[PDB]
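Reading the structure
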Amino acid sequence: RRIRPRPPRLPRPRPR
Amino acid sequence: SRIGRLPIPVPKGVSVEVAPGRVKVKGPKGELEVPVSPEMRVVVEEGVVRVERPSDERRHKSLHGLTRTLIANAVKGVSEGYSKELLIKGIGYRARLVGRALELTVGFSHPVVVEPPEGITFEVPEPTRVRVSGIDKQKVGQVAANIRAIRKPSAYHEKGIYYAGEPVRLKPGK
Amino acid sequence: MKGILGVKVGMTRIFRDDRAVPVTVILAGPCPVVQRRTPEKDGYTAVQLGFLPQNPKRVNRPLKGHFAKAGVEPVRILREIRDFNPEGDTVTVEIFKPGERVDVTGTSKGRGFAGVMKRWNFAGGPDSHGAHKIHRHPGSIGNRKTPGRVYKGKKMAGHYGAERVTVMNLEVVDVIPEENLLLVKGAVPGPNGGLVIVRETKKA
Amino acid sequence: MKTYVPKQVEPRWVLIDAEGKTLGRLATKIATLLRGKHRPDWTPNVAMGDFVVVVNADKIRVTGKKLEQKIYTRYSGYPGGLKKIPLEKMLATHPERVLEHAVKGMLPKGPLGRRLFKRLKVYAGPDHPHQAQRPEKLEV
Amino acid sequence: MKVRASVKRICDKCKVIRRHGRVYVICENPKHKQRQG
RNA sequence: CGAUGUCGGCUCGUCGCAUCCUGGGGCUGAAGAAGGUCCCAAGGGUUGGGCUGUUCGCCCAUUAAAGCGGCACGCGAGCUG
RNA sequence: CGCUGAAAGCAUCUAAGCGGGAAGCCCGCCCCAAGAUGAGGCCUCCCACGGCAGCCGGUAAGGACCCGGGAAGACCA
Ligand SMILES: [Mg+2]
Ligand SMILES: [Mg+2]
Ligand SMILES: [Mg+2]
Ligand SMILES: [Mg+2]
Ligand SMILES: [Mg+2]
Ligand SMILES: [Mg+2]
Ligand SMILES: [Mg+2]
Ligand SMILES: [Mg+2]
Ligand SMILES: [Mg+2]
Ligand SMILES: [Mg+2]
Ligand SMILES: [Mg+2]
Ligand SMILES: [Mg+2]
Ligand SMILES: [Mg+2]
Ligand SMILES: [Mg+2]
Ligand SMILES: [Mg+2]
Ligand SMILES: [Mg+2]
Ligand SMILES: [Mg+2]
Ligand SMILES: [Mg+2]
Ligand SMILES: [Mg+2]
Ligand SMILES: [Mg+2]
Ligand SMILES: [Mg+2]
Ligand SMILES: [Mg+2]
Ligand SMILES: [Mg+2]
Ligand SMILES: [Mg+2]
Ligand SMILES: [Mg+2]
Ligand SMILES: [Mg+2]
Ligand SMILES: [Mg+2]
Ligand SMILES: [Mg+2]
Ligand SMILES: [Mg+2]
Ligand SMILES: [Mg+2]
Ligand SMILES: [Mg+2]
Ligand SMILES: [Mg+2]
Ligand SMILES: [Mg+2]
Ligand SMILES: [Mg+2]
Ligand SMILES: [Mg+2]
Ligand SMILES: [Mg+2]
Ligand SMILES: [Mg+2]
Ligand SMILES: [Mg+2]
Ligand SMILES: [Mg+2]
Ligand SMILES: [Mg+2]
Ligand SMILES: [Mg+2]
Ligand SMILES: [Mg+2]
Ligand SMILES: [Mg+2]
Ligand SMILES: [Mg+2]
Ligand SMILES: [Mg+2]
Ligand SMILES: [Mg+2]
Ligand SMILES: [Mg+2]
Ligand SMILES: [Mg+2]
Ligand SMILES: [Mg+2]
Ligand SMILES: [Mg+2]
Ligand SMILES: [Mg+2]
Ligand SMILES: [Mg+2]
Ligand SMILES: [Mg+2]
Ligand SMILES: [Mg+2]
Ligand SMILES: [Mg+2]
Ligand SMILES: [Mg+2]
Ligand SMILES: [Mg+2]
Ligand SMILES: [Mg+2]
Ligand SMILES: [Mg+2]
Ligand SMILES: [Mg+2]
Ligand SMILES: [Mg+2]
Ligand SMILES: [Mg+2]
Ligand SMILES: [Mg+2]
Ligand SMILES: [Mg+2]
Ligand SMILES: [Mg+2]
Ligand SMILES: [Mg+2]
Ligand SMILES: [Mg+2]
Ligand SMILES: [Mg+2]
Ligand SMILES: [Mg+2]
Ligand SMILES: [Mg+2]
Ligand SMILES: [Mg+2]
Ligand SMILES: [Mg+2]
Ligand SMILES: [Zn+2]
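Residues numbered from 1 in each chain as written, not as in the entry; some residues may be left out. Chains lettered and ligands numbered in written order. Part of a larger assembly, values for the part shown. Heavy atoms only, no water. Residues with missing side-chain atoms left out of burial classes, pairs and counts.

Chain C carries the name 50S ribosomal protein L3 in the PDB entry, which gives Thermus thermophilus HB8 as its organism. The UniProt entry for chain C carries this comment under Function: "One of the primary rRNA binding proteins, it binds directly near the 3'-end of the 23S rRNA, where it nucleates assembly of the 50S subunit." In UniProt, chain C has this text filed under Sequence similarities: "Belongs to the universal ribosomal protein uL3 family." (UniProt positions renumbered as here; feature names shortened; annotations may be inferred.)

For chain B, the name recorded in the PDB entry is 50S ribosomal protein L6, with Thermus thermophilus HB8 as its organism. Regarding chain B, the UniProt comment filed under Sequence similarities reads as follows: "Belongs to the universal ribosomal protein uL6 family."

Here you go:
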């Protein structure tokens, strides 16, 4: 259990 | 300061036949064989057994003292014989001889039955004292232990199964 | 170690001391021994047992030779009971008495390609709240790169049933020698009309 | 002049009494005998070693405390399926395998090394069934 | 029984035994019994 | 970086043992019952619910016990979002 | 936790030897399994047919094809 929240590193993918 | 060198007096009439890594001892009460390291030498003299060691390294020094005593306990075994007594302490606690077998009543829901193994005879003189008798030293001690374990000395009371000559050491409660 | 071949016939309940007992009827006797296995000749001890009469037309030649050496009429199935030597040439229901405790082997009902939920009792997926075409799916089957493979033995869909199952320690409720009937308490593997094997239990 | 290549020669059967010998020390020699490296026309790419009958495998000997400490090991491919069998027990349940496993590991791996392992016949007890080949009793 | 890496005699009645590859300490005083580990 | 999808949950587990329970023990400031403390032991087991996205935690009611960790903080070509 | 017991005249569960001792380990229970190529065993049937460790033709014991089906089953089995 890592106590510091870890940032997402990829966006939720979109149709773009 | 040395056991293995001390000669073993052999009472007549018992016999000591030496053999490769064993020795045989017969007497009025029976026979026994003593397993002996091929490195030690057992010597039959007049009314006497001696053991000698090949050198003064530790192991030979250690097998020496053992081999004499081992043989000596065999000698005394078939002539004088061995025995150990057990005193039974505690109120409800008693003993009796059931056939040839040993009946122990020491406060379980049930009585205890101990069978005599081969070469062992149980004696019940009083309700509170029992004797294990036989020609083997290592075997008599094992059995007595086995009987004692059935109900070992309470740490807080004079109650259970004791060796004859076992000091009563108890701790305080409260 | 006694045993017998039989057929599963059907279940009911009888009454014994104001108690209803579910039972299964098995038609067991009679079974002629048609070979005996010995430590000399075969390496172990058994009795080959035969069961149910056969139209001798349908029994080929290698088989005809086998029966004749036994002094025995052609039979539909052969099965062995191991470590067993009845003195007779024929075994019947008389070897079990009511109260005796038995084991029975049968061939289980076949459920064919079974899903994971029926076979292994998995929990499936949720049924609403967004559950998406996975309502009866198994879920994860592994980890990631370590170990990066699937274990042998992992429970998955596949055929289920139609396999050898033994149910043990059943109470023998009654025996009816006049009909070769054996009444065991409880449930026996397989469908009615199915083949079974009844042994003395290995339970104490 | 090109190096000699033998034509296929008749393999000698050989008998060894394993009793009292040291496990690994017997092993290297059986392996050598199996390769056929005791033969001057040795060729690495053909099976031309000897056949080896071994008797009294159960009475093989080993030094130190390996009786209780040599563990033979087997993995089934299923989770938790690594079984451990101490040397003592292997002698007591399939004694001939102690020698076999020792020899197997000393032969080359590959198709040829596997056929040479076949050419080895190991028995516990004083006897074998190979009279028909009248094996020559070697000392080692 | 005490289990620890430093096994020493506690009283003058303690005895240092080596038994089956292990260093033990025995004594008539039941507390003082030790083994190394 | 011509892409190694990212918390938590669900699902399915498997492993470590520095063991929560159940088994075997030594010491006890162990009378008994019940605890304390260390040793052996990974076979199996280790509940339901309120709050919150939560993991965690707190609480309710039970329990033999409501163990702690690893597997890309296991598991999104398995689902949720 | 012992019995017997030296080294080390005593003591020591140990250096020789022998006991007791876990839901754990090995076996025992249920299921699979000789592709176990190390391819096992038993019972029983067939037969030494023709032409030229081989090929070809017709058969033996037997098997498959086809068909009526089946608490067996996706097809297959
Ligand atoms: Mg004399
Ligand atoms: Mg002299
Ligand atoms: Mg108190
Ligand atoms: Mg069947
Ligand atoms: Mg399903
Ligand atoms: Mg199911
Ligand atoms: Mg269900
Ligand atoms: Mg569910
Ligand atoms: Mg849901
Ligand atoms: Mg559901
Ligand atoms: Mg959706
Ligand atoms: Mg969608
Ligand atoms: Mg849907
Ligand atoms: Mg992932
Ligand atoms: Mg993935
Ligand atoms: Mg891998
Ligand atoms: Mg099937
Ligand atoms: Mg009735
Ligand atoms: Mg039915
Ligand atoms: Mg040589
Ligand atoms: Mg080369
Ligand atoms: Mg074998
Ligand atoms: Mg190799
Ligand atoms: Mg290589
Ligand atoms: Mg001091
Ligand atoms: Mg002391
Ligand atoms: Mg990148
Ligand atoms: Mg690309
Ligand atoms: Mg790429
Ligand atoms: Mg890409
Ligand atoms: Mg990619
Ligand atoms: Mg531990
Ligand atoms: Mg406890
Ligand atoms: Mg208490
Ligand atoms: Mg109190
Ligand atoms: Mg305690
Ligand atoms: Mg401790
Ligand atoms: Mg301890
Ligand atoms: Mg466990
Ligand atoms: Mg496990
Ligand atoms: Mg666990
Ligand atoms: Mg709610
Ligand atoms: Mg909630
Ligand atoms: Mg919460
Ligand atoms: Mg809410
Ligand atoms: Mg919180
Ligand atoms: Mg408790
Ligand atoms: Mg909880
Ligand atoms: Mg886990
Ligand atoms: Mg983790
Ligand atoms: Mg993750
Ligand atoms: Mg994930
Ligand atoms: Mg997705
Ligand atoms: Mg996710
Ligand atoms: Mg992907
Ligand atoms: Mg992927
Ligand atoms: Mg899924
Ligand atoms: Mg969202
Ligand atoms: Mg003592
Ligand atoms: Mg003593
Ligand atoms: Mg001294
Ligand atoms: Mg010893
Ligand atoms: Mg023992
Ligand atoms: Mg022991
Ligand atoms: Mg004892
Ligand atoms: Mg149990
Ligand atoms: Mg089978
Ligand atoms: Mg086969
Ligand atoms: Mg088979
Ligand atoms: Mg193999
Ligand atoms: Mg075969
Ligand atoms: Mg059909
Ligand atoms: Zn002390």
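**A closer look at unusual backbone geometry**
Here the amide bond leading from B:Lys12 into B:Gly13 is cis, since omega sits at 0°, within 30 degrees of zero. Note that B:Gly13 resides in the loop between β1 (8-9) and β2 (15-19). Cis geometry marks the peptide bond from C:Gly29 to C:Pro30; its omega dihedral reads -15°. In this structure, C:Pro30 sits in the loop between β2 (20-27) and β3 (31-37). Located in the positive-phi region is C:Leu52, a residue other than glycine, with phi close to 65°. (Helix = DSSP H or I, 4+ residues; strand = E, 2+ residues; numbered from the N terminus.)

**Focus on the environment of B:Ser55**
Residues and elements named next belong to chain B. The residue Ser55 is located in the loop between β6 (48-52) and α1 (58-79) in this model. Each C-alpha atom of the pair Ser55 and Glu39 lies 9.5 Å from the other, and the pair is 16 residues apart in sequence. A distance of 3.4 Å separates a polar side-chain atom of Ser55 from the backbone nitrogen of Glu57. (Polar contact = N/O pair within 3.5 Å; in protein donor to acceptor, adjacent residues only side chain to side chain.)

**Topic: the interface of chain C and chain D**
On the side of chain D, five residues touch chain C, which itself brings four residues to the contact. In total, chain C and chain D occlude about 310 Å² of area from one another, counting both sides; carbon and sulfur atoms represent 65% of this. Counting the surface chain C buries against chain D, the share from its top three residues, C:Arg149, C:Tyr151 and C:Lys152, is 90%. Put simply, chain C and chain D have zero salt bridges between them. Split into classes, the residues belonging to the side of chain C that touches chain D amount to one nonpolar, one polar and two charged. (Contact = heavy atoms within 4.5 Å. Buried area = accessible area lost by both parts, 1.4 Å probe. Salt bridge = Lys/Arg side-chain N within 4 Å of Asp/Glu carboxyl O. Nonpolar A, V, L, I, M, F, W, Y, C, P; charged D, E, K, R; others polar.)

**Looking at the pattern of salt bridges**
Scanning the model with the defined rule gives 27 salt bridges over all chains in all. Between C:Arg37 and C:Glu80 there is a salt bridge, with the nearest N and O atoms lying 3.2 Å from each other. One end of the pair, C:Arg37, is in strand β3; the other, C:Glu80, is in strand β5 (residues 75-82), and 43 residues separate them in sequence. Classification of C:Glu80 as partly exposed rests on a relative accessible area of 30%. Here D:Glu139 makes a salt bridge to D:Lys137, at a shortest N to O gap of 3.8 Å. Sharing partners across several salt bridges, the network here consists of B:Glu85, B:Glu123, B:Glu126, B:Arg129 and B:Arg131. (Buried < 20%, exposed > 50% of the residue type's maximum accessible area, 1.4 Å probe, protein only.)

**What about the protein's contact with RNA strand G?**
The local shell around RNA strand G holds 52 residues, among which B:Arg2, B:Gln142, C:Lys41, C:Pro62 and E:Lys15 are the closest. Considering RNA strand G, the proportion of its atoms within 4 Å of the protein that are sugar or phosphate atoms stands at 73%. Interatomic distance of 2.8 Å between a side-chain N/O atom of B:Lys61 and a phosphate oxygen of RNA strand G. In the environment of RNA strand G, a phosphate oxygen lies 3.0 Å from a nitrogen or oxygen atom belonging to the side chain of E:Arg19. Tallying contributions element by element places α1(B) first for the surface near RNA strand G, with nine residues. Taken together, the residues that form the surface near RNA strand G break down as twelve nonpolar, 18 polar and 22 charged. (Near = heavy atom within 4 Å.)

**Observations regarding the sheet that holds strand β9 (residues 101-105) of chain B**
Residue and element names in this part refer to chain B. With respect to topology, three strands assemble into an open sheet ordered β8-β9-β10, the strand pairing being antiparallel. Single-partner strands in this sheet number two, and they are β8 (94-98) and β10 (112-114). Put simply, the sheet's adjacent strands are angled 25° from each other on average, direction ignored. Here β8 runs beside β9; their pairing, made up of five bridges, is antiparallel. Looking at β9, one finds that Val98 is bridged to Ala101. (Pairing = 2+ DSSP bridges. Axes fitted to C-alpha atoms, helices over the stretch in contact; angles between N-to-C directions.)

**With respect to a nonpolar patch on the surface**
Taken together, the side chains of C:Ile141, C:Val150 and C:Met156 define a hydrophobic patch exposed on the protein surface, amounting to about 220 Å² of accessible area. Among the structural elements, C:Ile141 can be located in the loop between α2 (116-120) and β9 (158-160). (Patch = residues over 30% accessible without salt bridge, like charges linked within 9 Å, V, L, I, M, F, W, Y side chains within 5 Å. Areas by Shrake-Rupley, 256 points an atom, 1.4 Å probe, with all protein chains shown as cover.)

**As for helix α2 (residues 137-149) of chain B**
All names here are of chain B. Between its first and last C-alpha, α2 extends 19 Å over 13 residues, near the 18 Å set by a 1.5 Å rise per residue. Restricting attention to buried positions, one finds in α2 the residues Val140, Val143, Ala144, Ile147 and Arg148. Down the axis, α2 shows its buried residues gathered within 140° of arc, on one side only. (Expected span 1.5 Å × (residues − 1). Arc of directions from axis to C-beta.)

**Points about the protein's contact with RNA strand F**
With respect to spatial proximity, 38 residues lie near RNA strand F, and among them C:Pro138, C:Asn143, C:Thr146, E:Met1 and E:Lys31 are the closest. For RNA strand F, the backbone portion of the atoms within 4 Å of the protein, that is sugar and phosphate, comes to 59%. Measuring from a base nitrogen of RNA strand F, one finds a side-chain N or O atom of C:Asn143 at 2.7 Å. For RNA strand F, a sugar or linking oxygen lies 3.3 Å from a polar atom in the side chain of E:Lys33. Residues of the surface near RNA strand F, tallied by class, amount to 15 nonpolar, ten polar and 13 charged.

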